[PDB]
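Written below as C-alpha cells is the structure these notes are about.
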Amino acid sequence: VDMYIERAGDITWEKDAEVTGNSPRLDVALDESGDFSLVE
Amino acid sequence: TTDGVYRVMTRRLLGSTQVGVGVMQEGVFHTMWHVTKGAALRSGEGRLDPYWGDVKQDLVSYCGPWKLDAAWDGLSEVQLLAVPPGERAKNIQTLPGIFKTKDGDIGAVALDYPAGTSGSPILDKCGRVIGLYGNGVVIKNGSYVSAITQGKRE
Ligand SMILES: O=C(Nc1ccc2c(c1)CNC2)c1cc(Cl)cc2[nH]ncc12
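These protein sequence lines map, in sequence, to chains A and B.
Quick note, the entry's author numbering runs 48 ahead of the 1-based positions in the first sequence.
Quick note, the entry's author numbering runs 17 ahead of the 1-based positions in the second sequence.
Okay, structure coming up:
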C-alpha cells in the first residue's frame with residue numbers, strides 16, 4: 049500500500065484568520081468525469 | 018484515528034509527495050476521488066479501505082459511509098483550512114461566489130493553492146465541514162476557483 053496519511057491539524061474556525069479572495073458568479077457545466085468547464 | 022485534517026502522501030513519485038488532503042470524522046476518512054483514485058491508504062501500521070465513492074461528485078470515503086452533511090447557508094463567510102504541500106495548515110476566511118449549473122447553484126471559493134492541497138476542508142462558523150476544496154475551473158487570470166464539494170450523509 050503506497051499512499052499514507054499524516055495528521056496536519058484540528059478542524060476549528062479561527063477568529064484570527066486572514067480574510068481574502070473574491071466571490072465570482074460563474075456559469076459552469078459538470079461532465080461525467082467530474083470535470084467542470086466554464087460556459088462562457 | 019483522531020478526528021482532524023490529514024495530508025495524503027505517496028512514495029510512487031520522487032521522494033515523498035503530497036497528492037492531497039482529507040478529513041477524519043467519526044472513524045471515516047473523507048477526500049476527493051482524484052487524490053487517491055480509490056486506492057487503499059496506510060495510517061501507521063493500519064490499512065484504510067475505500068467504502069463509497071463517485072467520480073462525478075469527485076468524492077470518496079474510507080472505513081464507513083460519508084459522514085459530512087453540513088451545508089453553506091448561501092450568505093455567510095467560510096474558512097478554507099488549507100494544507101499545502103510542505104506547509105503548515107492555515108485558515109483563510111472568504112465569502113464564496115457561486116457556480117451556476119443546469120442542475121442548480123453551488124458555492125465556490127476563489128483561492129489559489131497548488132493541486133496537492135485538494136481535499137482541504139471548508140468550514141462554517143461552528144467548525145462544521147461544509148465541503149472539500151479541489152474541484153473547479155481555471156479562470157482567465159490562470160488562478161483556480163473551487164466548488165464547495167459536499168457529499169450526502171445516508
Ligand atoms: O486539478 C485539480 N483538481 C482536479 C484534478 C483531477 C480531477 C478533478 C479535479 C475532478 N476530476 C478529475 C486542481 C486542484 C487544486 Cl486544489 C488546484 C488546482 N489548480 N489547477 C488545477 C487544480
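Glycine is no exception: its CB is placed at the ideal position from the N, C-alpha and C atoms.
The residue from B:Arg170, B:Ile139, B:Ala132 and B:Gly44 with its alpha-carbon nearest to that of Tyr161 (chain B) is B:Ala132. Under the three-state reduction of DSSP, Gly39 (chain B) is assigned to strand.
Among the residues of chain A, those whose CB is under 7 angstroms from the CB of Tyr23 (chain B) are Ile53, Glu54, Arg55 and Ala56, following chain order. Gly70 (chain B) sits close to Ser78 (chain B), with the two beta carbons spaced by under 8 angstroms. A Cβ-Cβ contact shorter than 8 angstroms links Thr111 (chain B) with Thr68 (chain A). The C-beta of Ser81 (chain A) has fewer than 16 other C-beta atoms within 10 Å across all chains shown, which makes the residue exposed.
Under the DSSP assignment, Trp69 (chain B) falls in the beta strand (DSSP E) whose first and last residues are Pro67 to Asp71. As far as DSSP is concerned, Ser135 (chain B) takes part in no beta bridge.
Per DSSP, the continuous alpha helix (DSSP H) segment holding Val52 (chain B) begins and ends at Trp50 to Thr53. Here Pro82 (chain B) is exposed: its Cβ has fewer than 16 other Cβ atoms, across all protein chains shown, within 10 Å.
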